[PDB]
Amino acid sequence: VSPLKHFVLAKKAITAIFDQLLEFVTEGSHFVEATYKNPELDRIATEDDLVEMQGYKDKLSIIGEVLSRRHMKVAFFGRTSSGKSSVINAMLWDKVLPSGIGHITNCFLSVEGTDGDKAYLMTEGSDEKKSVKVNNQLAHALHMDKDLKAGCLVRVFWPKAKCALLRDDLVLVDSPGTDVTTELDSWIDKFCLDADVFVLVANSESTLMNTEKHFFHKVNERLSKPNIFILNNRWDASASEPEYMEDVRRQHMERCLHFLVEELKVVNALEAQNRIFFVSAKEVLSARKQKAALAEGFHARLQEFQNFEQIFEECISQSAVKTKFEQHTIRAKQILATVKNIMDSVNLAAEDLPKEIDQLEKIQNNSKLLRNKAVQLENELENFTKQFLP
Amino acid sequence: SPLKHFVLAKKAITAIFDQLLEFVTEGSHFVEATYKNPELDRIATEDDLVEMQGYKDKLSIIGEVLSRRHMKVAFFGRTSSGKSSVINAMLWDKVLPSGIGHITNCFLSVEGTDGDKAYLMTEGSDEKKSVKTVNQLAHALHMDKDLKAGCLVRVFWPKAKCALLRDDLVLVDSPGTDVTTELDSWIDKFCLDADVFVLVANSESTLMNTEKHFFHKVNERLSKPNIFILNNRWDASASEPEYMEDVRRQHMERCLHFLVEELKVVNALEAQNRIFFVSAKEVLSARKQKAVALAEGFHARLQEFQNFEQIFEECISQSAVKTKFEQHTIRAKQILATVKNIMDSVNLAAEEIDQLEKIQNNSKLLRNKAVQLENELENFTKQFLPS
Ligand SMILES: Nc1nc2c(ncn2[C@@H]2O[C@H](COP(=O)(O)OP(=O)(O)O)[C@@H](O)[C@H]2O)c(=O)[nH]1
Ligand SMILES: Nc1nc2c(ncn2[C@@H]2O[C@H](COP(=O)(O)OP(=O)(O)O)[C@@H](O)[C@H]2O)c(=O)[nH]1
Ligand code: BEF
Ligand code: BEF
Ligand SMILES: [K+]
Ligand SMILES: [K+]
Ligand SMILES: [Mg+2]
Ligand SMILES: [Mg+2]
């Protein structure tokens, strides 16, 4: 006994550590602020120190929330028409989300499991379990009037009996295309930035753009190094021009590897192997939506979608301790290290009237005692990593 | 004749721009002197100085663009929207590297030649190499051992085969935008100063801001860009016909908003004849069959590619005076108007202090030189750009 209990122990442990962390950094932020702003002190603490510590307080509050959340959030991200909606529709075995040519998905869509045997949707502040067939009115931009305003979230519920993956506490998120408008991008941040796992749906007819990559650098800048699956979707395109298939596949694989391993430095090359796939959502959906001449390599592309689903499931369940917590604990260690440096910098600055020197040594004592609280927390995080991680 | 009308126009406008450039260099020096003078803060502002310096630069580069022997048409777009394939369709053969993934990994001039065989030339080589060598130089799944520099291969296609090339026309196939920073900086160096742009958009998707940002950059550095938008891959709309008209409407509205509201380069009626829905792949396939079941509406998409080619040809031949010069003359009028405002602002701000009235007199005399140039530009526009 048991996978579930191992997770709940881990959650209580790390959440409790992060409580201590957040109060520590808030206190240190107030100390540094006070020292910087005091007109009596010859530049003891710097503005940069203050901004960094304030940034860390914010960072840690948001990460705190992410840790304590009841659910594992998976955000789907990509350019317009790479295949985000269609990938989810394939995982669900039915065309249940708005999909098509042009800009379509014009709202954010939660997808969760339900114990009931029928699907439904719910809208901002409504108990009403509306028909899943109403989606287009709310989420499909060829239906929606161009006036409709700044939000939104529509929560789709799909029966757990159909679709294994939705059990339990998993939440999939279909979003709009990146880089369509500034406002849409700011909403894509608000909704998707704090996701536990990202599925980058790339267009395998094309290659990876920098605006697509920039998002994941932003995730790291604001929170922690992102857990990323790359689906090179539309791979059925390579059935035309088989004389280059392997060369094109090699190009994508090399570029995606470079993105995860060299640019983000989130994963090593061997790990990245099991995060990059070549698939056709369209084919998988078409085949699945049928069990009451085929295009070449269909079966290979199907088997890789299945591998993606297997590995995706292995992470949000078996390795949910790792998936939910690891990257945030690493970032916690990093932030603490920098906080220690700031406290040291303030201490040494303090070394260079009787009331004025007495005030200055009080800053020294404060900075040292904060420093050792930081080392205590570093040890508690190191213990957590030992007892709960590889 | 048409040719003589053009050469007259070129000599006229180039001569005007010489006068323009000297005027703005002088005004830039005046504004700089007034701003930097410690006796007289705050008569001219830093923003005034930066604007005037920017205008000097702008005008030098536009001067060069005006005085060039050839009409350059740059093809621009995302990776795999269909740039290479559009050109391959215009030439009736698969002559340029095309395929899934990142392919076009150098810049490719395409010009007419009087000879009956096609060929290529590389920097800096007399050798007319076989057009069948292209892939080794330009196709990123092929390319031989190094290479790079961000370079140019000049393709020459027989004029006998493709009507459009017979002028001093130069088509430019480029790499995909937003792939790498260095590729983007080369795309600027090569394509930014193009006389005409063909934006090959992916009609399965919608227009991204990185795609639009390029053309804002053209405007920031030079003049509002002459832009054709080809919504390529439109054969995709065969698969989902119940929304075809709605998707078409979406693209048309977005493209219209881009040209008319965002760039403010053209009115809605003009923009109608700059936006098209086509399948390069289909057109190439049909044409290369010179050398049973076809998709609907193949024929519609073909007729629109043909309309694009007709209107494209009507512009860099019949209306070549317009195409080459108009947008630069408009920008010239705009800059002069703002220069006038700067000189007025300095004059009013000016309201031992003999020095102060000397700035007033200088600002007024510069202002009236600006009005003289405005009239010379207005005369040019009357005589060479009706109605
Ligand atoms: N051939 C092919 N078409 C696809 C694939 N995935 C999606 N599509 C098509 O491209 C469009 C996808 O739009 P969609 O991705 O659902 O909306 P998004 O949210 O903007 O990505 C639809 O018209 C799909 O039929 C694929 O793997 N292969
Ligand atoms: N279905 C379809 N495919 C196209 C069209 N235009 C180009 N393609 C294909 O899309 C792929 C990319 O074309 P390419 O011209 O290399 O794109 P570029 O690198 O952006 O110039 C090739 O395999 C082409 O055959 C089109 O209008 N419809
Ligand atoms: F066409 Be989408 F859902 F960005
Ligand atoms: F496929 Be590209 F525009 F290099
Ligand atoms: K779409
Ligand atoms: K390509
Ligand atoms: Mg979608
Ligand atoms: Mg190309």
# chains A, B, ... in the order shown; residues from 1 in each chain; ligands from 1
call {"tool": "interface_residues", "arguments": {"of": "chain A", "to": "chain B", "cutoff": "6 Å", "atoms": "only C-alpha atoms", "output": "list in words"}}
result
residues 80, 81, 101, 102, 103, 179, 180, 205, 206, 207, 209, 210 and 248 of chain A
call {"tool": "residues_around", "arguments": {"residues": "region 375-388 of chain A", "least_positions_apart": "4", "cutoff": "7 Å", "atoms": "only C-alpha atoms", "output": "PDB file with N, CA and C atoms, in the first residue's frame"}}
result
ATOM      1  N   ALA A  10       3.678  12.515  -0.405  1.00  0.00           N
ATOM      2  CA  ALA A  10       4.540  13.450  -1.140  1.00  0.00           C
ATOM      3  C   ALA A  10       3.933  14.852  -1.211  1.00  0.00           C
ATOM      4  N   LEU A  21       8.769  27.879   2.857  1.00  0.00           N
ATOM      5  CA  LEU A  21       9.521  28.614   1.836  1.00  0.00           C
ATOM      6  C   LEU A  21       8.916  29.992   1.569  1.00  0.00           C
ATOM      7  N   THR A 329      10.535  21.602  -7.246  1.00  0.00           N
ATOM      8  CA  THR A 329      11.493  21.440  -6.139  1.00  0.00           C
ATOM      9  C   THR A 329      12.900  21.865  -6.589  1.00  0.00           C
ATOM     10  N   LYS A 333      15.197  24.914  -5.039  1.00  0.00           N
ATOM     11  CA  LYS A 333      16.614  24.853  -4.660  1.00  0.00           C
ATOM     12  C   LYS A 333      17.402  26.003  -5.297  1.00  0.00           C
ATOM     13  N   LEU A 336      16.436  29.418  -3.567  1.00  0.00           N
ATOM     14  CA  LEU A 336      17.121  29.451  -2.267  1.00  0.00           C
ATOM     15  C   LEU A 336      18.611  29.786  -2.370  1.00  0.00           C
ATOM     16  N   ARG A 371      19.953  33.771   6.185  1.00  0.00           N
ATOM     17  CA  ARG A 371      20.789  32.847   5.419  1.00  0.00           C
ATOM     18  C   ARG A 371      20.676  31.414   5.941  1.00  0.00           C
TER      19      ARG A 371
END
call {"tool": "atom_distance", "arguments": {"atom1": "CA of residue 244 (chain A)", "atom2": "CA of residue 175 (chain B)"}}
result
18.7 Å
call {"tool": "atom_distance", "arguments": {"atom1": "CA of residue 321 (chain B)", "atom2": "CA of residue 304 (chain B)"}}
result
25.2 Å
call {"tool": "atom_distance", "arguments": {"atom1": "CA of residue 370 (chain A)", "atom2": "CA of residue 322 (chain A)"}}
result
29.5 Å
call {"tool": "closest_residue", "arguments": {"among": "A:138, A:60, A:174, A:15", "to": "ligand 5", "atoms": "only C-alpha atoms and all ligand atoms"}}
result
A:174
call {"tool": "residues_near_ligand", "arguments": {"ligand": "ligand 1", "cutoff": "8 Å", "atoms": "only C-alpha atoms and all ligand atoms", "output": "number ranges by chain"}}
result
A: 78-87, 97-105, 174-177, 201, 233-237, 279-283; B: 204-205, 236, 239-240
call {"tool": "write_last_selection", "arguments": {"atoms": "C-alpha atoms", "output": "PDB file, in the first residue's frame"}}
result
ATOM      1  CA  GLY A  78       0.665  25.184 -30.892  1.00  0.00           C
ATOM      2  CA  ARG A  79       0.186  27.287 -33.981  1.00  0.00           C
ATOM      3  CA  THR A  80      -3.189  27.728 -35.649  1.00  0.00           C
ATOM      4  CA  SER A  81      -4.153  24.374 -37.332  1.00  0.00           C
ATOM      5  CA  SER A  82      -1.226  22.203 -36.275  1.00  0.00           C
ATOM      6  CA  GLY A  83      -3.928  19.912 -34.806  1.00  0.00           C
ATOM      7  CA  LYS A  84      -4.542  20.661 -31.098  1.00  0.00           C
ATOM      8  CA  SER A  85      -8.331  20.166 -30.995  1.00  0.00           C
ATOM      9  CA  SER A  86      -8.018  17.152 -33.330  1.00  0.00           C
ATOM     10  CA  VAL A  87      -5.381  15.447 -31.129  1.00  0.00           C
ATOM     11  CA  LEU A  97     -14.254  19.679 -29.826  1.00  0.00           C
ATOM     12  CA  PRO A  98     -14.398  22.354 -32.556  1.00  0.00           C
ATOM     13  CA  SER A  99     -11.961  21.507 -35.360  1.00  0.00           C
ATOM     14  CA  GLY A 100     -11.454  22.701 -38.946  1.00  0.00           C
ATOM     15  CA  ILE A 101      -9.541  24.918 -41.383  1.00  0.00           C
ATOM     16  CA  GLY A 102      -9.004  28.566 -40.388  1.00  0.00           C
ATOM     17  CA  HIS A 103      -9.022  29.958 -36.853  1.00  0.00           C
ATOM     18  CA  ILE A 104     -11.580  27.799 -34.954  1.00  0.00           C
ATOM     19  CA  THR A 105     -10.945  27.283 -31.207  1.00  0.00           C
ATOM     20  CA  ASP A 174      -7.626  22.920 -25.684  1.00  0.00           C
ATOM     21  CA  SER A 175      -6.549  26.510 -26.415  1.00  0.00           C
ATOM     22  CA  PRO A 176      -6.514  28.933 -29.352  1.00  0.00           C
ATOM     23  CA  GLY A 177      -3.617  29.256 -31.774  1.00  0.00           C
ATOM     24  CA  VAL A 201       1.319  19.980 -31.329  1.00  0.00           C
ATOM     25  CA  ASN A 233       1.105  16.014 -36.225  1.00  0.00           C
ATOM     26  CA  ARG A 234       0.073  15.810 -39.923  1.00  0.00           C
ATOM     27  CA  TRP A 235       2.760  13.179 -40.552  1.00  0.00           C
ATOM     28  CA  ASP A 236       0.451  11.471 -43.081  1.00  0.00           C
ATOM     29  CA  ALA A 237       1.767  14.250 -45.386  1.00  0.00           C
ATOM     30  CA  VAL A 279       1.475  11.051 -35.798  1.00  0.00           C
ATOM     31  CA  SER A 280      -1.738  11.823 -37.657  1.00  0.00           C
ATOM     32  CA  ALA A 281      -4.538  12.810 -35.281  1.00  0.00           C
ATOM     33  CA  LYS A 282      -6.896  12.847 -38.294  1.00  0.00           C
ATOM     34  CA  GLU A 283      -6.092   9.197 -39.111  1.00  0.00           C
TER      35      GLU A 283
ATOM     36  CA  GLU B 204      -5.448  25.734 -43.720  1.00  0.00           C
ATOM     37  CA  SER B 205      -4.279  28.017 -40.868  1.00  0.00           C
ATOM     38  CA  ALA B 236      -7.983  21.936 -48.249  1.00  0.00           C
ATOM     39  CA  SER B 239     -12.666  18.432 -47.252  1.00  0.00           C
ATOM     40  CA  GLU B 240     -15.055  20.592 -45.144  1.00  0.00           C
TER      41      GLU B 240
END
call {"tool": "closest_residue", "arguments": {"among": "B:174, B:88, B:387, B:125", "to": "ligand 8", "atoms": "only C-alpha atoms and all ligand atoms"}}
result
B:174
call {"tool": "closest_residue", "arguments": {"among": "B:301, B:274, B:288, B:166", "to": "ligand 2", "atoms": "only C-alpha atoms and all ligand atoms"}}
result
B:301
call {"tool": "residues_around", "arguments": {"residues": "residue 61 (chain A)", "least_positions_apart": "4", "cutoff": "8 Å", "atoms": "only C-alpha atoms", "output": "ChimeraX atom specification"}}
result
/A:22,57,65
call {"tool": "write_last_selection", "arguments": {"atoms": "N, CA and C atoms", "output": "tab-separated table (two decimals), in the first residue's frame"}}
result
chain	number	residue	atom	x	y	z
A	22	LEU	N	7.61	30.01	1.32
A	22	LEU	CA	6.91	31.24	0.94
A	22	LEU	C	6.96	32.28	2.06
A	57	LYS	N	9.03	35.94	-4.35
A	57	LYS	CA	7.78	35.86	-3.58
A	57	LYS	C	6.61	35.50	-4.49
A	65	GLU	N	0.35	27.40	-5.31
A	65	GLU	CA	-0.98	27.07	-5.86
A	65	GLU	C	-0.93	25.83	-6.75
call {"tool": "decode", "arguments": {"residues": "region 81-103 of chain A", "atoms": "N, CA, C and O atoms", "output": "CSV table (one decimal), in the first residue's frame"}}
result
chain,number,residue,atom,x,y,z
A,81,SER,N,-3.9,25.5,-36.4
A,81,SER,CA,-4.2,24.4,-37.3
A,81,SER,C,-3.1,23.3,-37.4
A,81,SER,O,-3.1,22.5,-38.3
A,82,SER,N,-2.2,23.3,-36.4
A,82,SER,CA,-1.2,22.2,-36.3
A,82,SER,C,-2.0,20.9,-35.9
A,82,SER,O,-1.6,19.9,-36.4
A,83,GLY,N,-3.1,21.0,-35.1
A,83,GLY,CA,-3.9,19.9,-34.8
A,83,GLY,C,-4.3,19.7,-33.4
A,83,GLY,O,-4.7,18.6,-33.0
A,84,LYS,N,-4.3,20.8,-32.5
A,84,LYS,CA,-4.5,20.7,-31.1
A,84,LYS,C,-5.9,20.0,-30.8
A,84,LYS,O,-5.9,19.0,-30.1
A,85,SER,N,-7.0,20.7,-31.2
A,85,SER,CA,-8.3,20.2,-31.0
A,85,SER,C,-8.5,18.7,-31.5
A,85,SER,O,-9.0,17.9,-30.8
A,86,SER,N,-7.9,18.5,-32.7
A,86,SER,CA,-8.0,17.2,-33.3
A,86,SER,C,-7.3,16.0,-32.6
A,86,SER,O,-7.7,14.9,-32.6
A,87,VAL,N,-6.1,16.4,-32.0
A,87,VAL,CA,-5.4,15.4,-31.1
A,87,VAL,C,-6.2,15.0,-29.9
A,87,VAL,O,-6.3,13.8,-29.7
A,88,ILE,N,-6.9,16.0,-29.3
A,88,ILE,CA,-7.8,15.7,-28.2
A,88,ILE,C,-9.0,14.8,-28.6
A,88,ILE,O,-9.3,13.8,-28.0
A,89,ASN,N,-9.6,15.2,-29.7
A,89,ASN,CA,-10.7,14.5,-30.4
A,89,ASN,C,-10.3,13.0,-30.7
A,89,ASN,O,-11.1,12.1,-30.5
A,90,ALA,N,-9.0,12.8,-31.0
A,90,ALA,CA,-8.5,11.4,-31.2
A,90,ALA,C,-8.3,10.6,-29.9
A,90,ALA,O,-8.7,9.5,-29.9
A,91,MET,N,-7.9,11.3,-28.9
A,91,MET,CA,-7.7,10.7,-27.5
A,91,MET,C,-9.1,10.3,-27.0
A,91,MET,O,-9.2,9.3,-26.3
A,92,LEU,N,-10.1,11.2,-27.2
A,92,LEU,CA,-11.5,10.9,-26.8
A,92,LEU,C,-12.3,10.0,-27.7
A,92,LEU,O,-13.5,9.7,-27.4
A,93,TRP,N,-11.8,9.5,-28.8
A,93,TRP,CA,-12.4,8.6,-29.8
A,93,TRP,C,-13.6,9.2,-30.6
A,93,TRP,O,-14.2,8.5,-31.3
A,94,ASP,N,-13.9,10.5,-30.4
A,94,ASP,CA,-15.0,11.2,-31.1
A,94,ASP,C,-14.7,12.6,-31.3
A,94,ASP,O,-13.9,13.3,-30.6
A,95,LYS,N,-15.3,13.2,-32.4
A,95,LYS,CA,-15.1,14.6,-32.7
A,95,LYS,C,-16.0,15.4,-31.7
A,95,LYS,O,-17.1,15.8,-32.1
A,96,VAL,N,-15.4,15.7,-30.6
A,96,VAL,CA,-16.2,16.3,-29.5
A,96,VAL,C,-15.7,17.8,-29.3
A,96,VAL,O,-16.3,18.5,-28.4
A,97,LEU,N,-14.7,18.3,-29.9
A,97,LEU,CA,-14.3,19.7,-29.8
A,97,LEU,C,-14.2,20.3,-31.2
A,97,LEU,O,-13.9,19.6,-32.2
A,98,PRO,N,-14.4,21.7,-31.3
A,98,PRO,CA,-14.4,22.4,-32.6
A,98,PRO,C,-13.1,22.2,-33.3
A,98,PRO,O,-12.0,22.5,-32.7
A,99,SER,N,-13.1,21.7,-34.5
A,99,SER,CA,-12.0,21.5,-35.4
A,99,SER,C,-12.3,21.8,-36.8
A,99,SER,O,-13.4,21.6,-37.3
A,100,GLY,N,-11.3,22.3,-37.5
A,100,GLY,CA,-11.5,22.7,-38.9
A,100,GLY,C,-10.4,23.7,-39.4
A,100,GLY,O,-9.6,24.2,-38.7
A,101,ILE,N,-10.4,23.9,-40.7
A,101,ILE,CA,-9.5,24.9,-41.4
A,101,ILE,C,-9.9,26.3,-40.9
A,101,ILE,O,-11.0,26.6,-40.6
A,102,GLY,N,-8.8,27.2,-40.9
A,102,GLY,CA,-9.0,28.6,-40.4
A,102,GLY,C,-8.8,28.6,-38.9
A,102,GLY,O,-8.6,27.6,-38.3
A,103,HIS,N,-9.0,29.8,-38.3
A,103,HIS,CA,-9.0,30.0,-36.9
A,103,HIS,C,-10.4,29.5,-36.3
A,103,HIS,O,-11.4,30.1,-36.7
